[PDB]
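Take a look at the structure tokens below, where one protein chain is shown in two forms, each on its own, as structure 1 and structure 2.
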Structure 1
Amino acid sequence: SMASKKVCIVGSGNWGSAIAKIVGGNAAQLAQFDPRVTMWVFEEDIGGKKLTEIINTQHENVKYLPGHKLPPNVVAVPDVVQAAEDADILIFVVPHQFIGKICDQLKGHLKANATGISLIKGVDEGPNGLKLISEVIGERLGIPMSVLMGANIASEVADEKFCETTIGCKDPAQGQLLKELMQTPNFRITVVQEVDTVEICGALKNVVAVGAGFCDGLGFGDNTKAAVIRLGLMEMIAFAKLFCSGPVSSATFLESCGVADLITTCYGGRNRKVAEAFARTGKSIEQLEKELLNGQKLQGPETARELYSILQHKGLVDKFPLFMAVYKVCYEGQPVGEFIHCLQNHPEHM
């Protein structure tokens, strides 16, 4: 009758810490999961103290998730290999820029039948086209992979406000097991099988949200923001269908990972906040990230840069106006006030 699976949370930021509240509590409540939940924490010096000691002592990662405690059973562990050594389930939740290295170090040190689920929002590019982050993680570490994507602003999740998420998993058994580990009476999960489409949604919505922030930065309102979300979704489906392997069904975009995450993000996401300030101050995105997010990371612009690269290697840049408009305003120096023009001209269908 099975042993309890050990869970390792790789990452500890805003979303990561919020996910630890959920997981820490479920592992502690459910026999199937070992109560000892480890969390890899990239060590930091917070006023002389090591962040890993603060967490294991005060059970709170206030720098990244203020006003919330973490279940006492979540252990902070600075060495990622150690944190992951005995894990059966590995939740990958860290900003895009950091997984490669993490994977460099875990390769070959994971338990035999370990599996993983990625919560990361973004995309890489492969020797030939789009390469999903879960695929990258899955191939380097040699483990089966799932993805958890939905409209989940962390602060709200941490506050237990009602919300849902989508888990993409090909294996039914695993799909249900991961759902038992993540579901809360306020964190409702639907499991679907096209991992790819679900993941890509999480990645592309952040680019759209940068655009929404620009329009807020130009003084627009809801009718405009809705347009931006609608046109962004039109580009997302079209883009998913072109570059994703296997069938891409529009129905999947009606899941939380799609229309919902696109909405919540465009209204209260970090990408929207920094995007608006970019529109108002003219400062660099990098500078705004440092000045405004107290250490948290942006994914929207870097993702747009990735899209640019994927699209240009196929001379299809002219095909995704809204996406490319976000990229040009962030990186080429195109005046933000010109953003509206890409909406006014946007193709009616794609």
Structure 2
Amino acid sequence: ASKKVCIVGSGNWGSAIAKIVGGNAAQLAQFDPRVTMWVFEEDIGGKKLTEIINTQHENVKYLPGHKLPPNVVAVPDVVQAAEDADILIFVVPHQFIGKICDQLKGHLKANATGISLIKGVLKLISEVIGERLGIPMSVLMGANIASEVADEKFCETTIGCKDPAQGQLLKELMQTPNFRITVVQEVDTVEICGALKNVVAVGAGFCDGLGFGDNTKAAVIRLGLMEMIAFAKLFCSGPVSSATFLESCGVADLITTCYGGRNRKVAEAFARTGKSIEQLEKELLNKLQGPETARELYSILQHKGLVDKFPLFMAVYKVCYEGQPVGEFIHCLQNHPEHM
């Protein structure tokens, strides 16, 4: 009757979402209050993390100092966590979602649905999930970060969901006064924004490192946004409207990433220090996604014969991989298709 929810994942992000989801699942009649959360079992000073969560209601390793609603139950076996769920929330690192799906495949409830909170990527992650698991997939993406959601700092997000009734249910499950949701129906468009924005952010960081000011940076961001839109239209199935890029997943996440984030910070240091991307991944990140995405874009654009339509994306690729001098990045924008 009432829908059952499983949170697949339990780090910083998954715990922060459990705080929100546990609360709405209890309050709203349409959800079962018993929310499972799959927690990779760990030994915390002689005690099982799942047992700590189910007694202290605190993920003492990944979200210390925060209480989770007591109706959120930690479950160490991912199949047992998920097998009776009507709604699955995927909130694990990109690195692990493939292995997790390979364990879940075939064990899910009929008519189960999913939403992916995994930002990044070409094959969209939500497609990998939905194909392996056979469930309809939504996405949740916007200008937000786990620690701020845990701290109830005001921010927004976009939910991409094709089915209107399922979108409304996901909004009801996730929305609070400090986590505001807009539902749109263009799943692919919402999700591709999270990957492409990091390419633009590398360019924005180049711009900072070359000594340019905010008006030049605003042009880099905006042209980047124009290339995101054009690329989404040629790559995405489903309708792709420029209007979706006004949502949090688009312009807002692009702004915050281009003004603060590791893609921008590594890019500024590359343009100022001379160090390679790889060296900078070592020094500051113990793989940077922006340059790798640019590489994949180069490959797609060659196939389509459209390299010259995307000079910002391609300058990020050339500078990161083919030795183009970073100092040429702005020159690459001086004959942009948007001004033809």
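Every residue number counts along structure 1's sequence, beginning with 1. The term rigid core refers to the maximal set of C-alpha atoms that superpose within 1.5 Å between the two forms.
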ask   = Considering the rigid-body rotation between structure 1 and structure 2, which residue or segment among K63, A154, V192, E135 is located at the hinge?
value = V192
task = Please report, as a whole number of degrees, the rotation of the smaller rigid part relative to the larger part between structure 1 and structure 2.
result = 21
query = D159: how far does its C-alpha move between structure 1 and structure 2, core aligned, in angstrom?
reply = 1.5
inquiry  = Once both forms are fitted on the core, what is the Cα shift for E235 between structure 1 and structure 2 in Å?
reply    = 5.8
Rigid-core-fitted C-alpha displacement of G337 between structure 1 and structure 2 (angstrom) = 11.3
